[PDB]
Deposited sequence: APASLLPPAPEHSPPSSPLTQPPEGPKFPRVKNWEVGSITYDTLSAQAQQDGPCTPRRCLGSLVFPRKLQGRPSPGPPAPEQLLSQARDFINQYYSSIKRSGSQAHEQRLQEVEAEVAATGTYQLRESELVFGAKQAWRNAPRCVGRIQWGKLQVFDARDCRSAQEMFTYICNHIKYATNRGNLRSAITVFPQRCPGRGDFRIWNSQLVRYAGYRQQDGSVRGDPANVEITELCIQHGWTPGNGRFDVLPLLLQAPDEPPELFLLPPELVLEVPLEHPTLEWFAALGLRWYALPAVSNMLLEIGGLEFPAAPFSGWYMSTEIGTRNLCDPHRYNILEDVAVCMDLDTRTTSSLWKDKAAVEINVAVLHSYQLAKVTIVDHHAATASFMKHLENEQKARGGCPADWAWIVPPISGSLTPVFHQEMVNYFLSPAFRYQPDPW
């Protein structure tokens, strides 16, 4: 039972929950790979039993009739067809628990308030699109953002799967040039490549929302244009720097991850897009200022008349903060839900104390919880964390080509 210390306060806890963390991570006694982004019939029943077990644990119903009754049919279902079907409340419980278990998510204080849209009765590429469009409309909710996951059907051996080919529902275009440089988002060129070679006529500039390459089992993907009315976007302005608006920056309202594999009770859902709301550093610091994304830092510094001829003027730092200020200001002005990295990390600390009492600890990935600016000014920086893998969970998966 690992001893965990907070270095700001001096408080100590023990992670007893770590004792039940199985699917091995990348670290060995001889080397730590904690900073790596991607770490390198009898079975389906084992992962199914334990999931059912914790479901009834939660609702005080272990030592029941319904417990072993539910235990009995799942094995019967796998005995007959080789897989099994989840009860809707199980699917809901599984969805929320997965979020609860995501080591890298700083927003988990909200894990209990999640809207699950059951799309398991899906059968083609146009029905998927309609589900996604319901999701986006509901989640966006005219700027009052609501967490949501849409679960598409469980993958089954033989015959293919549903996959959203975009990493998010809303992504901006990345266009190659006569040279190699990119107008738009350099993160999303692999997909912009495929959007055109499947037959989308490429737009003009830096902020073109991409079409959804949606794919139903076996038969290849098909493109879908998003309704401009559905895609809520926020123009970026600065509260006191009048020229910032002229930079012509925008970002979308809805962070919706569409390439991760949802795994519940040994069942694998290649298509299960979840969505919440942005932490402002995500947009302002990583999306806009990363050298390999929009890379705008220098441009804003020039506008602020900053001395870019010496690193020691801290011009990078100064311009980064103002970019973040603009993001917060613009989203608030547009009445779109957003949280600053101080509020967010403080809620995470609160989440940590909750999970300590409820579950005896919490899987947390330090490098991802600590925000990309002003890290030691937030309370999570001085908090040791234990990282490990619990089920149910979201996992990464291969790109469907």
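Residues 1 to 27, 68 to 79 of the deposited sequence have no C-alpha coordinates in the model.
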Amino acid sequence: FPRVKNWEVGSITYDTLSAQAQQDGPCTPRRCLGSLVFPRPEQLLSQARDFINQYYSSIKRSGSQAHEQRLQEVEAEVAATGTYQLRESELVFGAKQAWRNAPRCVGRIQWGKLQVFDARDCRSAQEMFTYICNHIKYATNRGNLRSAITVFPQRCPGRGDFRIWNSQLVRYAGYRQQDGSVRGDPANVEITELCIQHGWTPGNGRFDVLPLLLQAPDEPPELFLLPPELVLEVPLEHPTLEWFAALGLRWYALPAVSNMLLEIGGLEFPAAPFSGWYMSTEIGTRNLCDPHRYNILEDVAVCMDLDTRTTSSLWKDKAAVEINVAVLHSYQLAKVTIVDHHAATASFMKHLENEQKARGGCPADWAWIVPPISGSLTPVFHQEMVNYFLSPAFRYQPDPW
From here on, numbers count along this sequence of modelled residues.
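In this text, rigid core is short for the largest set of C-alphas that superpose within 1.5 Å between two forms.
Once the structures in 8 other deposited structures of this protein are superposed via the core, the pair 22 to 30 and 341 to 349 is resolved in favour of 22 to 30 as the more displaced stretch (C-alpha RMS). In summary, of the stretches 63 to 71 and 357 to 365, 63 to 71 shows the greater Cα distance from the shown form in 8 other deposited structures of this protein, with structures fitted on the rigid core.
Figure legend: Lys335 is marked as modelled in all of the other comparable entries of the protein, none of which omit it, let alone a third. Modelled in this chain, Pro39 is nonetheless unresolved in at least one third of the other entries of the protein that span it on both sides. For the pair 325 to 333 and 183 to 191, the record assigns the higher mean C-alpha temperature factor to 183 to 191. The PDB entry records a higher mean C-alpha B factor for 68 to 76 than for its counterpart among 308 to 316 and 68 to 76. Comparing the C-alpha B-factors of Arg31, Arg359, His351, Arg40 in the entry, the top value falls on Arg40. The top Cα temperature factor in the record, among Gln115, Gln126, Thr281, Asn144, falls on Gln126. Ranked by Cα temperature factor within the chain, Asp290 sits in the lowest third according to the deposited record.
Among all modelled residues in this chain, the alpha-carbon of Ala21 has a temperature factor (C-alpha) in the highest third. When all modelled residues of the chain are sorted by CA temperature factor, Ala367 is found within the lowest third. Among all modelled residues in this chain, the alpha-carbon of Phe394 has a temperature factor (C-alpha) in the middle third.
In this PDB entry, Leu214 carries a Cα temperature factor that places it within the highest third of its chain's modelled residues.
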